[PDB]
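here is the input, now give the coordinates:
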Amino acid sequence: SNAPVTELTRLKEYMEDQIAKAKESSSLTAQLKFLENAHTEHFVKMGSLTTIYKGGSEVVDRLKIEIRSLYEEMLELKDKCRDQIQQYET
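Residues are numbered from 1 along each chain as shown. I have put the structure below:
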């Protein structure tokens, strides 16, 4: 399989791209799809990192911290989108 540094580097770029497009977009449907793209890729890549990474790598550990920061920001944007959906429904 690919190296942990390779997977997390590509995951970082993917999540940054999707989160950027969600913040740029003024369409709630597009925002939900952008956040869904990032959420799915994060779940797959992070859940499989156990298989290829054992720990002890400063770059991989630093990438994990930066990915978690992207993940946390992704969760706020999903909460903001959910807030807007609830407004429409009420």
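
ok, longest helix in the protein?
helix 58-89 (DSSP state H).

quick check: buried residues in it?
60, 63-64, 67, 70-71, 73-74, 77-78, 81 (16 or more other CB atoms under 10 Å). Bear in mind the C-beta positions are built from the backbone N, C-alpha and C, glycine included.

other SSEs contacting it?
helix 4-24, helix 28-47 (3 or more CB pairs under 8 Å, 6 or more residues apart in numbering; DSSP states H and E).

may I see the buried residues of the longest one?
So that's helix 4-24. Buried-residue list, helix 4-24, by 16+ other CB under 10 Å: 4, 7-9, 11-12, 14-15, 18-19, 21-22.

which strands and helices sit next to that helix?
Looks like helix 4-24 contacts helix 28-47, helix 49-52, helix 58-89 (3+ CB pairs under 8 Å, 6+ apart).

give me the angle between the last one and helix 28-47.
Comparing the axes of helix 58-89 and helix 28-47 via axes from the mean of the first three to the mean of the last three CA atoms, to 10 degrees yields an angle of 150 degrees.

roughly how far is helix 58-89 from the heart of the chain?
Chain-centre distance of helix 58-89: 7 Å, with CA atoms, centre = their mean, to the nearest Å.

got the angle between it and helix 4-24?
30 degrees.

rewinding a little: make JSON lines out of the helices and strands packed on helix 58-89 and add distance to residue 85.
Output for the helices and strands packed on helix 58-89, formatted as JSON lines (distance: least, CB to CB, whole Å):
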{"stretch": "helix 4-24", "distance to residue 85": "14"}
{"stretch": "helix 28-47", "distance to residue 85": "7"}
